[PDB]
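Novice: This is the structure, below, for whatever I ask next.
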Amino acid sequence: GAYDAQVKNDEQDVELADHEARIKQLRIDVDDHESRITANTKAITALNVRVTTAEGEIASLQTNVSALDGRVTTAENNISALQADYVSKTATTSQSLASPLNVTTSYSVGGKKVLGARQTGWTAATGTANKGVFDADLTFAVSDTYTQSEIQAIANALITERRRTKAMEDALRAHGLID
Amino acid sequence: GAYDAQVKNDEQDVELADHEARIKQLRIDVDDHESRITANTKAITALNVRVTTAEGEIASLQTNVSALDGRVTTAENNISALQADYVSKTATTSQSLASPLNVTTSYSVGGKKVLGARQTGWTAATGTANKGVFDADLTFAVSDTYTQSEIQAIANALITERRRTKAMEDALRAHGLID
Amino acid sequence: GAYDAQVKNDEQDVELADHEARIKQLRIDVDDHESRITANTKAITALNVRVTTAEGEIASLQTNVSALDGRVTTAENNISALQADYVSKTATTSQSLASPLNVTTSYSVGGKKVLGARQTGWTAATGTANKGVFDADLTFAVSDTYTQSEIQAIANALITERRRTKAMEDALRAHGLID
Ligand SMILES: [Ca+2]
Ligand SMILES: [Cl-]
Numbered sequence: 055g056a057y058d059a060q061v062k063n064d065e066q067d068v069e070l071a072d073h074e075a076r077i078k079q080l081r082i083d084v085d086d087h088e089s090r091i092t093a094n095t096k097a098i099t100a101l102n103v104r105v106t107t108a109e110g111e112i113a114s115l116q117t118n119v120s121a122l123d124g125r126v127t128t129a130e131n132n133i134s135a136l137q138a139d140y141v142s143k144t145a146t147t148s149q150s151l152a153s154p155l156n157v158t159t160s161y162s163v164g165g166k167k168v169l170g171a172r173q174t175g176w177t178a179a180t181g182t183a184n185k186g187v188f189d190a191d192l193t194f195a196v197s198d199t200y201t202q203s204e205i206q207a208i209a210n211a212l213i214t215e216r217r218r219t220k221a222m223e224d225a226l227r228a229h230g231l232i233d
Numbered sequence: 055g056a057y058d059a060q061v062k063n064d065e066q067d068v069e070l071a072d073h074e075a076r077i078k079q080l081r082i083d084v085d086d087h088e089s090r091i092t093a094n095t096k097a098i099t100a101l102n103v104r105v106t107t108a109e110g111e112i113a114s115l116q117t118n119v120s121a122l123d124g125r126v127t128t129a130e131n132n133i134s135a136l137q138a139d140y141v142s143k144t145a146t147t148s149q150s151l152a153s154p155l156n157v158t159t160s161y162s163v164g165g166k167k168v169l170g171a172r173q174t175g176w177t178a179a180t181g182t183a184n185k186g187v188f189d190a191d192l193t194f195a196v197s198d199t200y201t202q203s204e205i206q207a208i209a210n211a212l213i214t215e216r217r218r219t220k221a222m223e224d225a226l227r228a229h230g231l232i233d
Numbered sequence: 055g056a057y058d059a060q061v062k063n064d065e066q067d068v069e070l071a072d073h074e075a076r077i078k079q080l081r082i083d084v085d086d087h088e089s090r091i092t093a094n095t096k097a098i099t100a101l102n103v104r105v106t107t108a109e110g111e112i113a114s115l116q117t118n119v120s121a122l123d124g125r126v127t128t129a130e131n132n133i134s135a136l137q138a139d140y141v142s143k144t145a146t147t148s149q150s151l152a153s154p155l156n157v158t159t160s161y162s163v164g165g166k167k168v169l170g171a172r173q174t175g176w177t178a179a180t181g182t183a184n185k186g187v188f189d190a191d192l193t194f195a196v197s198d199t200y201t202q203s204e205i206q207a208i209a210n211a212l213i214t215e216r217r218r219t220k221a222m223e224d225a226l227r228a229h230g231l232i233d
């Protein structure tokens with residue numbers, strides 16, 4: 055024996071040196087891991103803040119877009135109602151109102167004034183109005199001597215004429231062209 | 055010799071105690087690292103879910119905003135067309151339609167009715183219409199004895215008057231104030 | 055003694071074997087940690103890219119939504135102005151314009167034409183216009199013999215009638231129904 059002990063101590067020393075080197079490298083690696091995962095934890099923590107902020111802006115946006123969608127839908131329906139109901143300056147097909155109409159100063163057709171303000175200062179004619187048979191080519195016989203029937207005919211036609219003047223006046227008054 | 059072996063065993067023991075303490079601390083650190091990085095992995099996994107969900111809401115929003123942008127542009131163009139084409143209640147400059155106009159009941163100027171419904175019940179006058187020279191200050195000589203020429207003058211002026219009544223009636227009919 | 059050295063070497067061997075096994079397991083764990091935290095670092099790095107991209111799309115959206123909000127508000131105010139100012143085809147309450155009106159071809163009431171283009175070709179009557187007292191039931195005495203006063207009465211009433219024709223013509227001209 056004797057020799058075996060020296061051999062054993064040397065080989066134990068060899069293993070000790072191997073353990074020492076491997077522990078050193080483990081220590082290096084773990085010290086390296088400590089810093090890096092700590093950095094990751096801080097990076098993850100910071101990311102949650104940003105994601106939370108973004109979530110706070112997305113649900114806000116989703117609400118505003120929904121509100122705007124409602125406003126535009128309302129607007130589109132107001133436009134559609136107007137489009138069907140408004141009186142156009144350019145439309146060529148005759149347009150009709152369900153109401154009376156009042157305008158300032160004049161009504162015109164094709165750019166020339168045809169209707170204005172009511173003409174006042176009229177005293178309404180009285181008597182009979184003639185809207186019946188009326189012949190403007192009615193003539194009258196006039197002899198060289200006085201004939202009652204011929205003067206009666208003239209007077210009769212004067213009456214029918216005055217009664218037709220009143221009838222026309224009545225029509226103007228009823229419309230409102232004169233007072 | 056002899057002594058060297060005891061010295062060697064003691065110093066080997068010293069190193070063994072040092073290795074034992076350092077292995078213990080490594081074990082502590084690595085066990086600590088195991089839990090923490092596992093927590094980070096779970097936190098990263100959870101973050102991907104939230105980010106994916108948010109990405110799912112952002113591309114959706116970008117589509118809706120684009121669709122609303124198109125709707126509003128369409129609406130703004132419908133408004134612009136109306137603004138230029140509509141008849142205003144407050145505008146003071148004369149406004150013109152490219153079409154005929156129909157209204158209920160009346161036309162008014164300055165708040166007083168000047169035009170209404172067509173007046174009916176008329177029998178159209180026949181004969182000549184006089185829209186020519188007409189003097190309302192025309193007078194007539196009347197002697198104390200019968201004079202044919204003086205009665206002819208009266209009859210002649212009655213005819214021109216009846217023919218002017220028809221002319222005026224013709225104008226009213228053509229417009230449509232009377233039937 | 056003697057025996058103690060063998061006992062010491064064996065127990066040192068026992069500890070060496072224990073250290074060797076624990077170092078092996080530490081090495082396994084740390085090699086496992088190396089890969090996993092590296093994966094986490096890459097995953098965190100990739101997440102920052104996506105979050106940055108999303109942040110780049112959210113502030114963009116917040117700007118567009120704000121711009122659209124301004125456009126719709128502007129549109130809603132243009133609609134409100136129109137709603138109050140436009141002339142309705144269906145409204146039944148009388149509507150009034152602050153301006154004159156011009157139309158193509160005709161004005162109608164209740165679907166029948168009552169007003170058209172100005173009637174031309176007229177020669178304006180001259181003299182006095184009579185808008186005063188006028189009795190259409192005025193009659194005339196006609197004797198069987200010539201009576202100056204009776205012919206004067208007829209002539210007088212013819213003058214008042216011709217002067218009333220001019221007055222009516224004057225009213226039509228002033229409105230614009232005739233030239
Ligand atoms: Ca030993
Ligand atoms: Cl990690």
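If you read the sequences in order, they're chains A, B and C. Just so you know, we're using the UniProt record's numbering here: the first sequence kicks off at 55 and counts up by one. Just so you know, we're using the UniProt record's numbering here: the second sequence kicks off at 55 and counts up by one. Just so you know, we're using the UniProt record's numbering here: the third sequence kicks off at 55 and counts up by one. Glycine included, C-beta positions come from ideal geometry on N, C-alpha and C.
Is the shortest distance between the beta-carbon of residue 170 of chain B and the beta-carbons of chain A less than 9 Å?
Specialist: Yes, its Cβ sits closer than 9 Å to a Cβ of chain A.
Novice: Could you give the distance in angstroms between the alpha-carbon of residue 173 of chain B and the alpha-carbon of residue 225 of chain A?
Specialist: Taking the straight line from one Cα to the other gives about 7 Å.
Novice: Does residue 57 of chain C get closer than 9 Å to chain B when you measure Cβ to Cβ?
Specialist: Residue 57 of chain C does not count as touching chain B.
Novice: Using C-beta distances below 6 Å, list every residue in its chain close to residue 108 of chain B, excluding the 5 sequence neighbours before and after it, in chain order.
Specialist: For residue 108 of chain B, where only same-chain residues beyond five positions count, there are no Cβ hits under 6 Å.
Novice: Chain C partners of residue 64 of chain A, CB-CB under 8 Å?
Specialist: What residue 64 of chain A touches in chain C: nothing, since even the nearest Cβ is about 12 Å away.
Novice: Would residue 42 of chain C count as contacting chain B if we go by Cβ distances under 9 Å?
Specialist: As displayed, chain C neither begins before 55 nor continues past 233, which places residue 42 of chain C out of reach and without an answer.
Novice: Less than 9 Å between CB atoms is the rule here; does residue 250 of chain C satisfy it with respect to chain A?
Specialist: Nothing in the structure corresponds to residue 250 of chain C, since chain C is present only between 55 and 233.
Novice: Taking 9 Å as the CB-CB limit, is residue 163 of chain B close to chain A?
Specialist: Judged by the 9 Å Cβ criterion, residue 163 of chain B is in contact with chain A.
Novice: Check each residue of the stretch 134-165 of chain A: if its Cβ is closer than 7 Å to any Cβ of chain C, include it; give the result in chain order.
Specialist: Answer in chain order: 136, 139, 140, 141, 149, 150, 151, 152, 153, 154, 155, 156, 157, 158, 159, 160, 161, 162, 163, 164, 165.
Novice: If you reduce the DSSP assignment to three classes, tell me which class residue 203 of chain A lands in.
Specialist: Here residue 203 of chain A sits in helix by DSSP.
Novice: Can you name the residues that DSSP bridges to residue 189 of chain B?
Specialist: The partner list for residue 189 of chain B (beta bridge, DSSP) reads C:180.
Novice: Looking at the secondary structure, which residues open and close the alpha helix (DSSP H) in which residue 115 of chain B lies?
Specialist: Residues 57-139.
Novice: Under 9 Å, Cβ to Cβ, is there at least one residue of chain B near residue 179 of chain A?
Specialist: With 9 Å as the cut-off, residue 179 of chain A does not count as an interface residue toward chain B.
Novice: Counting only beta-carbon separations shorter than 9 Å, does residue 100 of chain B have a partner in chain C?
Specialist: Residue 100 of chain B does not count as touching chain C.
Novice: Can you list every residue whose CB sits closer than 7 Å to some heavy atom of ligand 1, going in chain order?
Specialist: Result (chain order): A:62, A:63, A:66, B:62, B:63, B:66, C:62, C:63, C:66.
Novice: Should residue 170 of chain C go down as buried or exposed, given a rule of 16 or more other Cβ atoms within 10 Å for buried?
Specialist: It counts as buried.
Novice: Below 9 Å on C-beta distance, what does residue 112 of chain A contact in chain B?
Specialist: What residue 112 of chain A touches in chain B: 108, 111, 112, 115.
Novice: Sorry if obvious, but does the Cβ on residue 95 of chain A come closer than 8 Å to a heavy atom of ligand 2?
Specialist: For ligand 2, at least one heavy atom lies less than 8 Å from the Cβ of residue 95 of chain A.
Novice: Are the beta-carbon atoms belonging to residue 143 of chain A and residue 140 of chain B less than 9 Å from one another?
Specialist: Contact: yes.
Novice: Within the present structure, is the beta-carbon of residue 76 of chain A separated from the nearest heavy atom of ligand 2 by less than 8 Å?
Specialist: No - ligand 2 has no heavy atom lying nearer than 8 Å to the Cβ of residue 76 of chain A.
Novice: Alpha carbon to alpha carbon, how far is residue 129 of chain A from residue 132 of chain B?
Specialist: Each residue's alpha carbon lies about 11 Å from the other.
Novice: Quick check: does the Cβ of residue 90 of chain B come within less than 8 Å of any heavy atom belonging to ligand 2?
Specialist: Answer for residue 90 of chain B: yes, Cβ within range of ligand 2.
Novice: Residue 103 of chain C touches chain A at which residues, Cβ-Cβ below 8 Å?
Specialist: Those within 8 Å of residue 103 of chain C in chain A number zero; the least Cβ separation is about 11 Å.
Novice: What are the start and end residues of the beta strand (DSSP E) that includes residue 157 of chain A?
Specialist: Looking at the DSSP string, the run of the beta strand (DSSP E) that includes residue 157 of chain A is 155-157.
Novice: Are residue 316 of chain B and residue 213 of chain C touching if we call contact CB-CB under 9 Å?
Specialist: In the structure displayed, chain B extends from 55 to 233; residue 316 of chain B sits before or after that span and is not available.
Novice: What does the alpha-carbon distance come out to for the pair residue 91 of chain C and residue 113 of chain B?
Specialist: Rounded to whole angstroms, residue 91 of chain C to residue 113 of chain B spans 32 Å at the Cα level.
Novice: Reducing DSSP to helix, strand and coil, say where residue 166 of chain B ends up.
Specialist: Residue state, collapsed to three classes: strand.
Novice: Residues in its own chain within less than 8 Å of residue 227 of chain B by CB, not counting five upstream and five downstream?
Specialist: Answer for residue 227 of chain B: 176, 178, 233, listed in chain order.
Novice: Taking only beta-carbon atoms, is residue 225 of chain A less than 9 Å away from chain B?
Specialist: Yes, because at least one Cβ of chain B sits closer than 9 Å to the Cβ of residue 225 of chain A.
Novice: Any idea if residue 161 of chain C is buried or exposed, counting beta-carbon neighbours within 10 angstroms, 16 or more meaning buried?
Specialist: So residue 161 of chain C ends up on the buried side.
Novice: For residue 150 of chain C, which residues does DSSP report across the bridge?
Specialist: Its beta-bridge partners are A:156.
Novice: Could you tell me the distance, in whole angstroms, from the CA atom of residue 147 of chain B to the CA atom of residue 125 of chain A?
Specialist: Cα to Cα, residue 147 of chain B sits roughly 34 Å from residue 125 of chain A.
Novice: Mind pulling the chain A residues with CB within less than 8 Å of residue 123 of chain C?
Specialist: Per Cβ cutoff of 8 Å: 118, 122.
Novice: Anyone know if the C-beta pair for residue 116 of chain A and residue 115 of chain B falls short of 9 Å?
Specialist: The answer is yes: Cβ separation under 9 Å.
Novice: Looking only at DSSP bridge pairs, what is residue 232 of chain A linked to?
Specialist: Residue 232 of chain A pairs with A:173.
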